[PDB]
>>> print(open('final_7.tsv').read())   # TSV, C-alpha atoms
chain	number	residue	atom	x	y	z
A	1416	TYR	CA	0.00	0.00	0.00
A	1417	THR	CA	1.16	3.52	-0.84
A	1418	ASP	CA	-1.89	5.67	0.07
A	1419	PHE	CA	0.07	7.60	2.68
A	1420	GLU	CA	-2.39	10.50	2.36
A	1421	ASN	CA	-4.91	8.40	4.33
A	1422	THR	CA	-2.36	7.21	6.92
A	1423	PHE	CA	-2.09	8.75	10.38
A	1424	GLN	CA	-0.63	7.70	13.71
A	1425	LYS	CA	-1.43	8.69	17.29
A	1426	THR	CA	1.09	7.55	19.90
A	1427	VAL	CA	1.26	8.30	23.62
A	1428	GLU	CA	4.96	8.93	24.18
A	1429	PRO	CA	6.46	7.57	27.42
A	1430	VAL	CA	6.43	9.91	30.39
A	1431	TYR	CA	9.69	11.87	30.46
A	1432	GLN	CA	11.30	13.44	33.54
A	1433	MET	CA	13.86	16.26	33.65
A	1434	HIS	CA	15.63	17.60	36.74
A	1435	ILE	CA	16.53	21.27	36.31
A	1436	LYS	CA	19.95	21.61	37.95
A	1437	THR	CA	21.32	24.83	36.42
A	1438	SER	CA	20.14	27.90	34.53
A	1439	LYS	CA	21.57	26.38	31.35
A	1440	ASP	CA	18.72	23.86	31.36
A	1441	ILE	CA	16.19	26.66	31.88
A	1442	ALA	CA	17.66	28.62	28.96
A	1443	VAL	CA	17.56	25.52	26.76
A	1444	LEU	CA	13.92	24.89	27.67
A	1445	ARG	CA	12.91	28.51	27.07
A	1446	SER	CA	14.67	28.44	23.69
A	1447	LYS	CA	12.14	25.78	22.59
A	1448	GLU	CA	9.02	27.19	20.96
A	1449	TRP	CA	6.95	24.13	21.87
A	1450	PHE	CA	7.79	24.50	25.59
A	1451	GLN	CA	5.17	26.96	26.88
A	1452	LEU	CA	4.24	27.85	30.46
A	1453	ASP	CA	1.11	29.50	31.82
A	1454	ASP	CA	3.32	31.44	34.26
A	1455	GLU	CA	6.30	32.59	32.20
A	1456	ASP	CA	8.05	33.73	35.40
A	1457	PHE	CA	7.72	30.29	37.01
A	1458	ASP	CA	10.97	29.37	38.76
A	1459	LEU	CA	12.17	26.17	37.08
A	1460	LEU	CA	15.48	25.93	38.96
A	1461	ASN	CA	15.84	22.98	41.35
A	1462	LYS	CA	12.57	21.51	40.07
A	1463	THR	CA	11.49	18.27	38.40
A	1464	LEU	CA	9.41	18.54	35.22
A	1465	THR	CA	7.27	15.70	33.88
A	1466	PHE	CA	6.25	15.63	30.21
A	1467	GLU	CA	3.31	13.47	29.07
A	1468	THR	CA	3.12	14.03	25.31
A	1469	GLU	CA	0.89	12.65	22.55
A	1470	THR	CA	2.24	12.62	18.99
A	1471	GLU	CA	0.03	12.82	15.90
A	1472	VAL	CA	1.96	12.18	12.69
A	1473	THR	CA	0.49	12.22	9.18
A	1474	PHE	CA	2.76	10.43	6.72
A	1475	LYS	CA	3.84	11.80	3.36
A	1476	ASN	CA	5.74	8.62	2.47
A	1477	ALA	CA	7.25	5.62	4.25
A	1478	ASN	CA	9.97	7.76	5.90
A	1479	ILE	CA	9.04	11.46	5.99
A	1480	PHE	CA	6.02	12.58	7.99
A	1481	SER	CA	3.74	15.00	6.16
A	1482	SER	CA	2.93	16.71	9.46
A	1483	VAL	CA	4.07	16.22	13.06
A	1484	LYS	CA	2.20	17.47	16.13
A	1485	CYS	CA	3.26	16.82	19.73
A	1486	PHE	CA	0.91	18.09	22.43
B	921	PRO	CA	62.48	54.23	49.39
B	922	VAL	CA	59.61	54.70	46.96
B	923	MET	CA	56.27	52.98	46.51
B	924	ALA	CA	55.15	53.19	42.89
B	925	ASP	CA	51.47	52.30	42.46
B	926	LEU	CA	51.01	51.07	38.89
B	927	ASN	CA	47.65	49.51	39.74
B	928	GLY	CA	45.59	51.41	37.17
B	929	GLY	CA	42.91	52.42	39.64
B	930	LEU	CA	42.02	48.81	40.46
B	931	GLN	CA	41.90	49.63	44.18
B	932	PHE	CA	38.98	52.05	43.79
B	933	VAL	CA	36.40	49.42	42.80
B	934	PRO	CA	34.62	48.06	45.91
B	935	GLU	CA	34.73	44.30	46.46
B	936	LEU	CA	37.13	43.63	43.60
B	937	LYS	CA	37.19	39.86	44.20
B	938	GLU	CA	33.40	39.56	44.16
B	939	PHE	CA	33.03	41.82	41.12
B	940	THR	CA	35.70	39.84	39.25
B	941	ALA	CA	33.87	36.63	40.12
B	942	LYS	CA	30.61	38.20	38.92
B	943	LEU	CA	32.18	39.21	35.59
B	944	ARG	CA	33.60	35.73	35.04
B	945	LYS	CA	30.29	34.14	36.08
B	946	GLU	CA	28.25	36.27	33.67
B	947	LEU	CA	30.67	35.60	30.82
B	948	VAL	CA	30.79	31.85	31.44
B	949	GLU	CA	27.01	31.62	31.86
B	950	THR	CA	26.41	33.47	28.60
B	951	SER	CA	28.90	31.22	26.82
B	952	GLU	CA	27.43	27.92	28.06
B	953	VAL	CA	23.85	29.11	27.51
B	954	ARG	CA	24.60	30.12	23.92
B	955	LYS	CA	26.51	26.91	23.23
B	956	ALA	CA	23.74	24.71	24.64
B	957	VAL	CA	21.02	26.62	22.77
B	958	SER	CA	23.00	26.37	19.53
B	959	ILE	CA	23.58	22.63	19.99
B	960	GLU	CA	19.90	22.00	20.72
B	961	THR	CA	18.78	24.14	17.78
B	962	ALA	CA	21.17	22.18	15.56
B	963	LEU	CA	19.84	18.85	16.82
B	964	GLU	CA	16.24	20.01	16.33
B	965	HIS	CA	17.09	21.08	12.78
B	966	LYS	CA	18.79	17.76	12.02
B	967	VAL	CA	15.93	15.65	13.37
B	968	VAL	CA	13.30	17.80	11.62
C	630	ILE	CA	35.53	59.04	75.47
C	631	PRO	CA	36.58	62.55	74.33
C	632	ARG	CA	35.31	63.78	70.99
C	633	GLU	CA	37.74	63.61	68.05
C	634	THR	CA	40.30	61.44	69.86
C	635	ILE	CA	41.65	57.90	69.49
C	636	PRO	CA	41.47	55.70	72.63
C	637	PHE	CA	44.64	53.90	73.63
C	638	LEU	CA	42.83	50.58	73.08
C	639	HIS	CA	40.42	50.59	70.15
C	640	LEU	CA	39.06	48.47	67.31
C	641	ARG	CA	39.63	49.38	63.67
C	642	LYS	CA	37.16	49.00	60.81
C	643	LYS	CA	38.25	48.32	57.24
C	644	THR	CA	37.24	51.20	55.00
C	645	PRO	CA	35.86	50.53	51.50
C	646	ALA	CA	39.27	51.62	50.17
C	647	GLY	CA	40.77	48.67	52.07
C	648	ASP	CA	42.50	50.58	54.88
C	649	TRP	CA	41.85	50.01	58.58
C	650	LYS	CA	40.78	53.08	60.55
C	651	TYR	CA	39.62	53.69	64.11
C	652	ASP	CA	35.89	53.05	64.50
C	653	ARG	CA	33.81	54.65	67.24
C	654	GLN	CA	31.23	51.85	67.41
C	655	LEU	CA	33.67	48.94	67.56
C	656	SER	CA	35.98	50.78	69.95
C	657	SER	CA	33.06	51.60	72.25
C	658	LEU	CA	31.94	47.97	72.16
C	659	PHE	CA	35.45	46.79	73.06
C	660	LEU	CA	35.84	49.34	75.87
C	661	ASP	CA	32.41	48.42	77.27
C	662	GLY	CA	33.45	44.77	77.25
C	663	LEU	CA	36.66	45.71	79.07
C	664	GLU	CA	34.69	47.73	81.63
C	665	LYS	CA	32.38	44.78	82.27
C	666	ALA	CA	35.35	42.42	82.56
C	667	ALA	CA	37.01	44.82	85.01
C	668	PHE	CA	33.97	45.34	87.25
C	669	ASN	CA	31.85	42.17	87.04
C	670	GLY	CA	34.48	39.84	85.58
C	671	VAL	CA	34.36	37.83	82.35
C	672	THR	CA	33.59	34.12	82.21
C	673	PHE	CA	35.06	31.63	79.74
C	674	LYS	CA	32.86	28.63	80.49
C	675	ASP	CA	32.50	26.14	77.64
C	676	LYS	CA	35.39	27.92	75.89
C	677	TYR	CA	38.13	25.67	74.50
C	678	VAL	CA	41.36	27.56	73.81
>>> encode(input="final_7.tsv", output="structure tokens")
Amino acid sequence: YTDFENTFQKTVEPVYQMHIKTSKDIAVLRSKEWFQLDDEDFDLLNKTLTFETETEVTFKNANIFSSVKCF
Amino acid sequence: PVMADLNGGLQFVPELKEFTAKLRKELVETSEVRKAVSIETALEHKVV
Amino acid sequence: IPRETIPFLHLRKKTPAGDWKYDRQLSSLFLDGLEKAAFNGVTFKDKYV
């Protein structure tokens, strides 16, 4: 089959944990567009963040996704 | 006997040790932050 | 203490320029401690020297 236009995939990514040890990690996180916070001034230093993400990918072909969403 | 002070006015800054440490800390922090952000942007570009 | 005079025993405070100068507050504290040690006596209990 090659009807990739009709193919889609939802996957619940495994729960990820990050320990913020230094301000370098905070700067790296804030440099990511996808990483958004309700309270932009939230103090992330010395804190543990848990990410529970769901990925929706629509395929263009066998290898390259036509669109990738991770929410 | 003569004391020549060729210090360049370094004695007039208050808390010279702490201010020197602050300068080095700000420079190092900027360097590591920029390097980490550049590396992560590069990895995001490569995976995308 | 007289005004504008340096006691024989005093404590010096480091100025922002880095030099040690006579300080009224520290000198008064030290002289008060000496007065108390002279009149009431000073204990050194639980002091390991």
>>> interface_residues(input="final_7.tsv", of="chain B", to="chain C", cutoff="12 Å", atoms="all atoms listed in the file", output="PyMOL selection string")
chain B and resi 929-936
>>> residues_around(input="final_7.tsv", residues="residue 1483 of chain A", least_positions_apart="6", cutoff="10 Å", atoms="all atoms listed in the file", output="PyMOL selection string")
(chain A and resi 1424+1470-1474) or (chain B and resi 968)
>>> residues_around(input="final_7.tsv", residues="segment 1455-1469 of chain A", least_positions_apart="6", cutoff="8 Å", atoms="all atoms listed in the file", output="PyMOL selection string")
chain A and resi 1425-1438+1441+1485-1486
>>> interface_residues(input="final_7.tsv", of="chain A", to="chain B", cutoff="10 Å", atoms="all atoms listed in the file", output="ChimeraX atom specification")
/A:1437-1447,1479-1480,1483
>>> residues_around(input="final_7.tsv", residues="residue 631 of chain C", least_positions_apart="5", cutoff="12 Å", atoms="all atoms listed in the file", output="list in words")
residues 636, 637, 653 and 657 of chain C
>>> atom_distance(input="final_7.tsv", atom1="atom CA of residue 641 of chain C", atom2="atom CA of residue 664 of chain C")
18.7 Å
>>> residues_around(input="final_7.tsv", residues="residue 640 of chain C", least_positions_apart="2", cutoff="9 Å", atoms="all atoms listed in the file", output="ChimeraX atom specification")
/C:638,642,650-659
>>> write_last_selection(input="final_7.tsv", atoms="C-alpha atoms", output="short mmCIF file (atom, residue, chain, number, x, y, z; two decimals), keeping the file's coordinate frame")
data_model
loop_
_atom_site.label_atom_id
_atom_site.label_comp_id
_atom_site.auth_asym_id
_atom_site.auth_seq_id
_atom_site.Cartn_x
_atom_site.Cartn_y
_atom_site.Cartn_z
CA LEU C 638 42.83 50.58 73.08
CA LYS C 642 37.16 49.00 60.81
CA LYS C 650 40.78 53.08 60.55
CA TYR C 651 39.62 53.69 64.11
CA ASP C 652 35.89 53.05 64.50
CA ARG C 653 33.81 54.65 67.24
CA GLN C 654 31.23 51.85 67.41
CA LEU C 655 33.67 48.94 67.56
CA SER C 656 35.98 50.78 69.95
CA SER C 657 33.06 51.60 72.25
CA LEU C 658 31.94 47.97 72.16
CA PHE C 659 35.45 46.79 73.06
#
>>> atom_distance(input="final_7.tsv", atom1="atom CA of residue 928 of chain B", atom2="atom CA of residue 649 of chain C")
21.8 Å
>>> atom_distance(input="final_7.tsv", atom1="atom CA of residue 662 of chain C", atom2="atom CA of residue 630 of chain C")
14.5 Å
